[PDB]
Amino acid sequence: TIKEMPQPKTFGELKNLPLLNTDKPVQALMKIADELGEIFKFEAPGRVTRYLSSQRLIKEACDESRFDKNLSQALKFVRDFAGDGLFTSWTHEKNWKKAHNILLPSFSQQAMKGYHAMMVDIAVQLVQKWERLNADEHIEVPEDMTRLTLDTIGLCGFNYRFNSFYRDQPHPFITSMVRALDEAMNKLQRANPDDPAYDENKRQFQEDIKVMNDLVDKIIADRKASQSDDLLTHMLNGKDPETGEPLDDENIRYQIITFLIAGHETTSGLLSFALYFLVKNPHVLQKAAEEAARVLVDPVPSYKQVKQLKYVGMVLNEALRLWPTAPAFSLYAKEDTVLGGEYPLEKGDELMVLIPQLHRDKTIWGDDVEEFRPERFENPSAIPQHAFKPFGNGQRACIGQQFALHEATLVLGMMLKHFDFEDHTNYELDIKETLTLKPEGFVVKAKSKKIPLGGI
Ligand code: HEM
Ligand SMILES: CCCCCCCCCCCCCCCC(=O)NCC(=O)O
């Protein structure tokens with residue numbers, strides 16, 4: 001028998017919309033899920049969606065024969081600048097499968113081995129920056145992780161140096177990207193987006209989109225005036241084996257913007273949360289540091305050595321369990337269907353997967369879901385299907401998962417090998433939201449173990 005779906009408090013004609021009028025919407029939705037359960041309806045004028053938090057219902061949502069990727073309102077706003085790039089295209093648009101086929105080779109094992117040296121280049125810059133700090137100084141963690149991740153996707157993917165470690169202020173592309181993501185997030189609660197009160201928001205949004213595109217212009221120009229075989233090489237020259245066609249210029253521009261953003265923001269968040277959890281759990285930090293010291297025996301890490309940092313990998317997966325940095329994904333019903341044998345859906349109905357909640361399902365993980373325990377991932381293959389989804393689902397899953405994890409494992413391994421870390425301010429977790437999640441104001445002090453770093 002069908003069941004009435006729980007729903008949060010309403011605001012008259014605005015329904016639930018005002019619940020999104022907060023600078024921390026995902027965290028607000030997590031609290032609503034804690035109060036209402038595995039599923040709740042969320043209505044706004046002219047639209048409805050249903051938020052899923054349990055593995056038993058999410059496993060159904062992840063059945064590709066019944067549901068396909070949907071562009072949530074957030075992705076529709078991001079599409080204003082990411083167009084039909086891979087992250088914001090519908091599965092049925094020609095450019096999705098075409099770009100997917102052309103770019104998948106850029107994330108093969110062979111490609112990853114080829115990216116390794118450039119990843120080390122930026123990682124060494126991070127380690128040198130910290131080695132060079134004076135006794136009285138400290139590290140702004142998310143800031144430096146963003147310097148590291150943006151520079152890494154820039155160099156490995158486009159042979160372009162953002163030179164973020166040569167700047168004391170965030171890189172211009174970052175300032176505009178963050179403002180654009182913040183606008184998309186703030187636009188979620190706007191009942192009347194065309195009210196003149198938002199003209200300055202619109203003007204600033206166009207300005208930020210222009211800055212990102214001006215950068216894309218530079219990357220394209222520098223490649224033209226430059227022999228590489230990287231992500232950009234495939235975007236410019238690769239042919240889809242199905243159609244035999246290469247991407248057109250417009251889509252290429254969207255892919256560059258897409259990869260510069262998806263290719264670093266969430267990885268900066270991951271590294272930031274991983275270091276946060278490590279300093280808050282001394283015993284776990286000790287285990288991870290022991291592995292880094294034992295495994296990374298050379299001046300700089302080799303590809304094989306990074307693959308051997310098992311515990312560091314577990315630490316990263318546990319950080320993704322608690323705070324998956326792209327916290328949700330959306331789906332739509334391909335045909336009428338019944339969810340969990342109790343909730344009838346009509347073709348087209350939308351669902352939102354609240355990843356942080358899925359990852360706190362006590363019926364899967366046990367009651368200690370709030371504890372940071374990397375050991376949960378000792379044998380990742382044994383976790384029930386669809387219980388852990390920080391990288392999305394099926395054919396629309398993250399194309400750069402291995403890239404992100406290789407980069408994060410390498411850098412965290414080097415960090416743990418070279419410094420002892422101190423949470424000198426007893427930092428209180430404050431998670432800033434820009435659709436994606438990242439600690440804000442997280443600072444630490446790093447005391448060098450004075451171990452020489454090898455040449456790049
Ligand atoms: C730990 C860091 C990362 C996390 C948590 C993450 C998470 C995700 C998630 C959840 C999706 C699916 C979104 C949806 O269904 O709406 C996704 C898609 C995607 N990600 Fe990642 N990602 C990460 C790093 C990266 C990196 C480093 C790259 C580029 C090298 C990347 C490129 C993409 C692209 C292009 C897609 C769209 C794939 C497609 O639909 O064809 N991601 N990612
Ligand atoms: C071009 C690359 C774009 C990368 C963007 C990555 C961001 C990931 C999205 C995280 C999910 C945001 C969720 C915001 C809260 C919410 O419930 N929104 C509902 C909605 O947008 O319809």
Side-chain angles (χ1 to χ4, degrees), residues 16-17 19-20 22 24-30 32-33 42 44 47-49 51 62 68-91 95-101 103-104 106-107 111-112 115 149-150 152-153 156-157 177 180-181 184-185 187-189 212 231 254-271 273-274 316-317 319-320 323-331 350-356 389-408 433-437:
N16 299 123
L17 193 55
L19 292 178
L20 298 181
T22 166
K24 296 175 179 186
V26 175
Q27 287 163 267
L29 288 159
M30 287 170 66
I32 288 164
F42 188 100
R47 66 181 171 78
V48 56
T49 189
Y51 284 82
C62 289
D68 177 34
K69 163 157 168 162
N70 180 55
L71 297 191
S72 53
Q73 287 299 292
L75 290 191
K76 285 181 182 166
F77 300 154
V78 169
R79 178 158 172 138
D80 282 342
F81 55 85
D84 59 353
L86 286 176
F87 212 112
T88 51
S89 53
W90 299 92
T91 308
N95 279 159
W96 176 67
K97 187 65 178 298
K98 179 173 177 185
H100 165 84
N101 290 342
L103 303 177
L104 188 58
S106 291
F107 295 96
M112 286 306 310
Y115 296 141
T149 63
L150 176 74
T152 298
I153 187 59
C156 301
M177 173 200 81
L181 291 171
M185 187 182 81
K187 182 173 173 182
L188 294 177
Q189 47 84 268
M212 296 191 280
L231 183 59
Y254 288 136
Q255 303 296 354
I256 300 176
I257 294 172
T258 294
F259 280 86
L260 288 178
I261 299 175
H264 91 89
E265 162 64 25
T266 46
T267 303
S268 172
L270 170 54
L271 283 165
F273 277 116
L316 295 168
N317 279 324
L320 286 176
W323 289 112
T325 52
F329 56 96
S330 181
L331 302 154
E350 298 168 38
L351 306 174
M352 288 295 308
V353 173
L354 196 52
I355 311 182
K389 308 212 69 84
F391 293 107
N393 186 63
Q395 78 190 321
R396 296 309 301 275
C398 177
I399 198 175
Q401 174 178 171
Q402 299 312 315
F403 182 105
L405 298 174
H406 190 78
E407 176 183 3
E433 300 198 21
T434 54
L435 295 185
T436 51
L437 310 179

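FYI, side chains are in, hydrogens and waters are out, and symmetry mates aren't considered; it's all heavy atoms of this structure. Each residue takes its place number in the sequence, starting with 1. In each ligand, atom 1 is the first atom listed, and ligand 1 is the first ligand listed.
- Atom 26 (C) of ligand 1 has its closest protein heavy atom at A262 O, 3.3 Å.
- Counting protein heavy atoms only, atom 9 (C) of ligand 1 is closest to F391 C, 3.8 Å.
- Not counting sequence neighbours, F87 has no partner by the ring-ring contact (aromatic ring centres under 6.0 Å, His included) test.
- Qualifying side-chain hydrogen bond (donor to acceptor under 3.5 Å, both in side chains) partners for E407, counting only residues two or more places apart in sequence or in other chains: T152.
- When hydrogens are left out, the protein atom nearest atom 15 (O) of ligand 1 is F329 CB, 3.3 Å; that is the closest non-hydrogen contact.
- Of all protein heavy atoms, the one lying nearest to atom 36 (C) of ligand 1 is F87 CD1, 3.6 Å.
- Interface of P327 with ligand 2, defined as ligand atoms under 4.0 Å from a residue heavy atom, comprises 10 (C).
- Backbone and side-chain nitrogen or oxygen atoms of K389 are examined, and none is located within less than 3.5 angstrom of a nitrogen or oxygen of ligand 1.
- If you number the atoms of ligand 1 from 1 as listed, the ones under 4.0 Å from a heavy atom of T325 come out as 5 (C).
- Not a single heavy atom of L231 sits less than 4.0 Å from an atom of ligand 1.
- Closest to atom 30 (C) of ligand 1, if we only count protein heavy atoms, is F107 CE2, 3.4 Å.
- Considering backbone and side-chain atoms together, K69 places an N or O closer than 3.5 Å to an N or O of ligand 1.
- Here's the thing with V26: none of its N/O atoms is less than 3.5 angstrom from an N/O atom of ligand 2.
- The shell of residues lying under 4.0 angstrom from ligand 1, judged by heavy atoms, includes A397.
- Residue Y51 has at least one nitrogen or oxygen atom sitting less than 3.5 Å from a nitrogen or oxygen atom of ligand 2, judged on distance alone.
- If you check which protein heavy atom lies closest to atom 21 (Fe) of ligand 1, you get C398 SG, 2.5 Å.
- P324 does not count as a contact of ligand 1, since none of its heavy atoms falls under 4.0 Å from the ligand.
- Annotation: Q73 places an N or O atom under 3.5 Å from an N or O atom of ligand 2; distance criterion only.
- Protein heavy atom nearest atom 7 (C) of ligand 1, with residue, atom name and distance: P390 O, 3.4 Å.
- By the 3.5 Å distance cut-off applied to N or O atoms, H100 is not counted among the residues near ligand 1.
- Under a 4.0 Å criterion applied to the non-hydrogen atoms of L435, ligand 2 contributes the atoms 10 (C), 12 (C).
- Ranking the protein heavy atoms by distance from atom 23 (C) of ligand 1 puts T266 OG1, 3.3 Å first.
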